[PDB]
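Asks:
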Amino acid sequence: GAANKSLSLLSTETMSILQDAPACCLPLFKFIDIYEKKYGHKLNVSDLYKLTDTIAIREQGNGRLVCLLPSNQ
Amino acid sequence: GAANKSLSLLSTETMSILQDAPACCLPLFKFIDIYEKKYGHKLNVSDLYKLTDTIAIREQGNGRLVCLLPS
């Protein structure tokens, strides 16, 4: 599972960004910007929705919030 | 159980809305408007992401698209 391997590494990179954020969450636009600058390549946002053991993505009126699940903080 | 039946109904409602849309696809803002008008309550957009056998939600630059899979 090349895909599973890439998703697993992405989960660690997600953890690394969000463990430094306040309340371990970030607006989606900001997460994308932080990620792409940090790793130097494009984030495929649909991959975040596969990481259901790592993060929840919450809808809000003005945009999504990417939230690190309590066990991963 | 209840969760599967709740998702199963959302699937049927989602298909009904998308069947005759262009390319069986609606921008998310438009799917929400049509859904809320048809069903008279708020759509649980996170539950749509659980319908991985019925729809794909496409990230695009101009906003999300809700797309019925081949079927």
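Respectively, the protein sequence lines represent chains A and B. All residue numbers for the first sequence refer to full-length UniProt numbering, where the first residue is 860 and numbers rise by one. All residue numbers for the second sequence refer to full-length UniProt numbering, where the first residue is 860 and numbers rise by one. Note that beta-carbon positions come from the ideal geometry of N, C-alpha and C, so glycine has one too.
1) Given a cut-off of 9 Å, decide if A/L910 and A/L866 are closer than it, judged by their beta-carbon atoms.
2) Would you mind giving the Cβ-Cβ distance between B/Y908 and A/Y908, rounded to the nearest angstrom? I have them listed as a contact below 8 Å.
3) Going by C-alpha distance, which of B/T873, B/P886, B/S905, B/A880 is nearest B/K897?
4) For a test of the three-state rule: what should DSSP assign to B/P929, helix, strand or coil?
5) Whole angstroms is fine: what's the gap from A/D912's alpha carbon to A/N931's?
6) Residues of chain B with a CB under 9 Å from the CB of A/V904: which are they?
7) For B/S875, which residues from the same chain have a beta carbon less than 6 Å from its beta carbon, with the 5 sequence-adjacent residues on both sides left out?
8) Count the other CB atoms within 10 Å of the CB of B/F890; is the residue buried (16 or more) or exposed (fewer)?
9) Do B/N921 and B/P881 have their C-beta atoms within less than 9 Å of each other?
Replies: A quick look at the data gives this:
1) Note that the C-beta distance between A/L866 and A/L910 is below 9 Å.
2) Correct: roughly 6 Å between the Cβ atoms.
3) Measuring from the Cα of B/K897, the nearest candidate turns out to be B/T873.
4) Three-state DSSP puts B/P929 in coil, outside helix and strand.
5) Distance between the alpha carbons of A/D912 and A/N931 is about 9 Å.
6) Neighbours of A/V904 on chain B, chain order: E918.
7) Excluding positions up to five away in sequence, the list is empty.
8) That one is buried.
9) With respect to the 9 Å criterion, B/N921 and B/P881 are not classified as neighbours on the basis of their beta carbons.
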